[PDB]
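Participant: The structure under discussion is supplied below as structure tokens; questions concerning it will follow.
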Amino acid sequence: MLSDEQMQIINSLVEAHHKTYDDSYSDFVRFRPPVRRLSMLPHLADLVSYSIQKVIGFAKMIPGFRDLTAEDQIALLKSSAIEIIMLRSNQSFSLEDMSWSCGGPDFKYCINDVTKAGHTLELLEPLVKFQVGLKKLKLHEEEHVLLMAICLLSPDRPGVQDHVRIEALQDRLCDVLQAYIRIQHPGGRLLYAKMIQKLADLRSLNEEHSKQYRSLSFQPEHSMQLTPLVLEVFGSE
Amino acid sequence: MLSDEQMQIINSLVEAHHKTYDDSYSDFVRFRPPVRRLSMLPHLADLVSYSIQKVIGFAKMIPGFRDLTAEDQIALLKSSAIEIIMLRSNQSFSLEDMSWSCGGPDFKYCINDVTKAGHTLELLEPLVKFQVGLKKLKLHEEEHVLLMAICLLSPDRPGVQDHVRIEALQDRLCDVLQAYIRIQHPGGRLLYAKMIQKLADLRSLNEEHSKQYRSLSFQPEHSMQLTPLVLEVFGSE
Amino acid sequence: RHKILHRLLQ
Amino acid sequence: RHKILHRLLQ
Ligand SMILES: C[C@H](CC[C@@H](O)CCO)[C@H]1CC[C@H]2[C@@H]3CC[C@@H]4C[C@H](CC(C)(C)O)CC[C@]4(C)[C@H]3CC[C@]12C
Ligand SMILES: C[C@H](CC[C@@H](O)CCO)[C@H]1CC[C@H]2[C@@H]3CC[C@@H]4C[C@H](CC(C)(C)O)CC[C@]4(C)[C@H]3CC[C@]12C
């Protein structure tokens with residue numbers, strides 16, 4: 094049976110996600126509009142830039158993130174951002190559609206639209222297989238949110254200094270996750286292990302994105318099309 | 094009577110302008126859409142970024158610009174870009190409207206819309222008075238294009254090294270301009286002097302833009318909204 | 010370094 | 010320095 098301290102963590106993680114995930118998708122009209130081989134790069138870069146802001150808002154509300162150094166916060170965000178976007182995107186991914194349903198018809202993102210932004214199938218087929226694998230797990234929102242926080246709070250990320258502190262935060266998150274599953278998730282005896290496997294999936298999707306981002310950012314007529322926040326978060330700087 | 098060498102310069106300046114000014118304004122739908130106190134900054138920054146690209150295309154076709162050093166080209170573009178945008182914008186400015194008619198109704202830019210992008214009336218009233226002063230001059234397109242090239246090719250710009258070379262290019266442009274006016278512009282005995290006065294107007298509009306841009310770029314939640322090309326061209330770097 | 014990030018982190 | 014500018018200038 095879950096303690097009150099563990100209960101508050103869940104509450105604040107859920108409240109943090111609800112503040113930073115807009116289910117109405119009404120900001121998407123602000124982006125440079127989509128065009129349907131680089132036709133989608135302006136739109137999708139505005140999209141990822143918006144998502145990065147939501148992830149920074151999310152992270153700032155994880156218990157104990159605010160209290161890390163600014164350097165540790167930046168390092169954790171620069172290596173995890175792309176993984177939390179892929180993870181948080183599961184709530185609009187559709188098994189029937191194989192697409193991300195983000196509101197109106199202009200923001201239904203098929204696999205065709207998403208191959209038009211500089212990245213290749215070596216990134217996009219695994220990412221799609223990840224989405225259906227993760228959808229099929231049918232996570233409670235509490236579990237989904239716990240996983241985002243565990244993913245962000247990984248100490249085995251390049252640049253982190255206070256390893257032991259970040260590791261203690263993540264450990265207490267994992268305890269809550271395993272306990273929640275055992276007690277509140279029927280038939281979830283294997284689910285903790287699968288979720289941790291999906292975190293490994295995420296590491297691999299990260300490397301392939303970083304490798305391909307490198308090729309975009311070395312072409313100044315492409316990186317020109319990104320946003321300042323993307324250039325800063327995905328930069329090597 | 095104008096020589097053939099001077100005639101070719103006019104021809105190539107006119108051809109350069111026609112290649113880089115799209116009278117249909119059909120790229121404007123690509124920009125982040127307008128919103129009608131910073132509501133217009135995303136749209137207007139995409140606008141100015143697009144214009145900067147047209148000015149680089151224009152400059153690359155001025156006789157002798159291509160042959161300057163990359164450093165001299167960059168220095169001339171970083172100090173003159175904002176002035177050539179203001180100058181080239183005269184072709185869509187309207188005395189009746191006091192607005193820039195750029196195609197459809199979403200791209201009619203009144204004085205209200207243009208005060209919604211971080212800049213104040215200290216910049217916007219002079220700029221509007223400049224536009225009606227310049228419209229009232231009724232320049233032939235040859236004169237308008239000659240002035241853009243003379244403005245770009247000024248050697249009294251911070252960063253230029255080959256002063257004497259840039260000055261010789263500009264001098265030969267001025268000769269063509271005074272000769273054209275004398276021979277092809279009826280009643281233009283005063284027009285050369287007014288145009289040079291408008292170049293002085295431009296220097297003043299430049300300082301005030303630079304001063305106010307400084308304030309935008311010191312607020313990271315505003316400079317975040319600019320484009321990479323704007324940050325690079327208007328940067329102090 | 011990381012001007013925007015430092016800002017968004019308050 | 011001026012990565013985009015150097016590119017657009019060819
Ligand atoms: C539209 C869809 C979900 C949107 C919403 O759910 C809101 C998410 O917070 C996103 C998720 C992952 C994105 C891909 C990540 C990997 C790259 C990142 C690239 C950004 C950059 C060019 C900077 O590398 C752009 C292409 C892309 C394949 C993304 C496309 C959009 C997806 C599927
Ligand atoms: C819409 C109008 C003309 C567009 C078309 O004719 C195409 C031009 O090539 C532009 C001209 C000058 C622009 C202003 C210059 C000074 C600042 C620059 C700012 C850019 C930045 C924020 C980076 O400082 C944005 C606000 C602005 C007042 C411009 C508004 C649009 C005008 C009137």
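Residue numbers (our numbering), protein chains in the order written: chain W, 94 to 330; chain P, 94 to 330; chain L, 10 to 19; chain C, 10 to 19. All C-beta atoms, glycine included, are put in the ideal place defined by N, C-alpha and C.
For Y114(P), does the three-state DSSP call read helix, strand or coil?
Facilitator: Coil, per DSSP.
Participant: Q305(W) and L216(W) - do their beta-carbons sit closer together than 8 Å?
Facilitator: Yes. Within cutoff.
Participant: Using beta carbons (cut-off 8 Å, strictly below), is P321(W) in contact with chain C?
Facilitator: Closer than 8 Å: no.
Participant: Are there three or more Cβ pairs, one per stretch, closer than 8 Å when the segment 98 to 106 of chain P is compared with the segment 145 to 160 of chain W?
Facilitator: No, the segment 98 to 106 of chain P is not in contact with the segment 145 to 160 of chain W.
Participant: According to DSSP, simplified to helix, strand and coil, what is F327(P)?
Facilitator: Coil at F327(P), not helix or strand.
Participant: What is the residue span of the alpha helix (DSSP H) that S144(P) lies within?
Facilitator: Here the alpha helix (DSSP H) through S144(P) covers 134 to 153.
Participant: If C195(P) and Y118(P) are in contact, beta carbons under 8 Å, what's the gap, nearest whole angstrom?
Facilitator: Contact holds; Cβ gap of about 5 Å.
Participant: If you run the structure through DSSP and keep just helix, strand and coil, what is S310(P)?
Facilitator: Correct three-state label for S310(P): helix.
Participant: For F186(W), which of helix, strand or coil comes out of DSSP?
Facilitator: Looking at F186(W) - three-state DSSP - the assignment turns out to be strand.
Participant: Report whether the distance from the Cβ of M154(W) to the nearest heavy atom of ligand 1 is below 7 Å.
Facilitator: The answer is no for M154(W).
Participant: How would you list, in chain order, the residues of chain L whose beta-carbon sits under 9 Å from the beta-carbon of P135(P)?
Facilitator: Those within 9 Å of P135(P) in chain L number zero; the least Cβ separation is about 15 Å.
Participant: Which two residues bound the contiguous beta strand (DSSP E) that contains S119(W)?
Facilitator: Run containing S119(W): none; DSSP gives neither H nor E here.
Participant: At least one CB of chain W closer than 8 Å to the CB of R10(C): is that the case?
Facilitator: No, no contact with chain W.
Participant: Please determine if the segment 241 to 251 of chain W and the segment 263 to 278 of chain W are in contact, where contact requires at least 3 C-beta pairs separated by less than 8 Å.
Facilitator: Output reads yes: the segment 263 to 278 of chain W touches the segment 241 to 251 of chain W.
Participant: Report the neighbours of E314(W) on chain C: residues whose CB is nearer than 7 Å to its CB, in chain order.
Facilitator: What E314(W) touches in chain C: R16.
Participant: Starting from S172(W) and walking both ways along the alpha helix (DSSP H), at which residues does that stretch end?
Facilitator: From DSSP, the alpha helix (DSSP H) with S172(W) extends over 163 to 181.
Participant: Could you compute how far the alpha carbon of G252(P) sits from the alpha carbon of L170(P)?
Facilitator: Going from the Cα of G252(P) to the Cα of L170(P) covers about 10 Å.
Participant: Which of the three DSSP states is assigned to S96(W) in this structure?
Facilitator: Coil at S96(W), not helix or strand.
Participant: So, helix, strand or coil for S192(P), using DSSP?
Facilitator: In this structure, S192(P) counts as strand in the three-state DSSP scheme.
Participant: List the residues of chain W whose Cβ lies closer than 7 Å to the Cβ of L324(P), in chain order.
Facilitator: Per Cβ cutoff of 7 Å: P321.
Participant: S173(P) to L240(W), Cα distance in whole Å?
Facilitator: Approximately 51 Å between the Cα atoms of the pair.
Participant: Is there at least one Cβ from chain L nearer than 8 Å to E176(W)'s Cβ?
Facilitator: Chain L, which has no Cβ nearer than 8 Å to the Cβ of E176(W), makes this no.
Participant: Which residues, taken in chain order from the segment 122 to 133 of chain P, show a beta carbon closer than 9 Å to some beta carbon of chain W?
Facilitator: The residues in question are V122, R123, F124, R125, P126, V128.
Participant: Just curious, the alpha helix (DSSP H) that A261(P) is in, first and last residue?
Facilitator: Looking at the DSSP string, the run of the alpha helix (DSSP H) that includes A261(P) is 256 to 277.
Participant: Would you call the CB atoms of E330(W) and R16(L) closer than 8 Å?
Facilitator: No, the pair does not count as a contact, with Cβ atoms beyond the cut-off.
Participant: Mind pulling the chain C residues with CB within less than 7 Å of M317(W)?
Facilitator: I13, listed in chain order.
Participant: On the three-pair Cβ rule with 8 Å, is the segment 120 to 132 of chain W touching the segment 120 to 131 of chain P?
Facilitator: Touching, per the Cβ criterion.
Participant: At a Cβ threshold of 8 Å, is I149(W) touching chain L?
Facilitator: It does: the Cβ of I149(W) has a partner Cβ on chain L nearer than 8 Å.
Participant: Please return the same chain residues whose Cβ sits closer than 6 Å to the Cβ of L180(W), not counting the five positions on each side in sequence.
Facilitator: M241, listed in sequence order.
Participant: When you compare the CB of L180(W) with every CB in chain L, is at least one pair closer than 8 Å?
Facilitator: Cβ-Cβ to chain L under 8 Å: no for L180(W).
Participant: Nearest to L95(P) by CA position, among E236(P), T213(P), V269(P), is which residue?
Facilitator: For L95(P), the nearest C-alpha among the options comes from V269(P).
Participant: Measuring only from the beta carbon, is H212(W) closer than 7 Å to any heavy atom that is part of ligand 1?
Facilitator: Under cutoff, so the answer is yes.
Participant: For the alpha helix (DSSP H) holding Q224(P), just list the boundary residues, first then last.
Facilitator: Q224(P) -> alpha helix (DSSP H) spans 214 to 229.
Participant: With 16 other CB atoms within 10 Å as the buried threshold, where does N205(P) fall?
Facilitator: That one is exposed.
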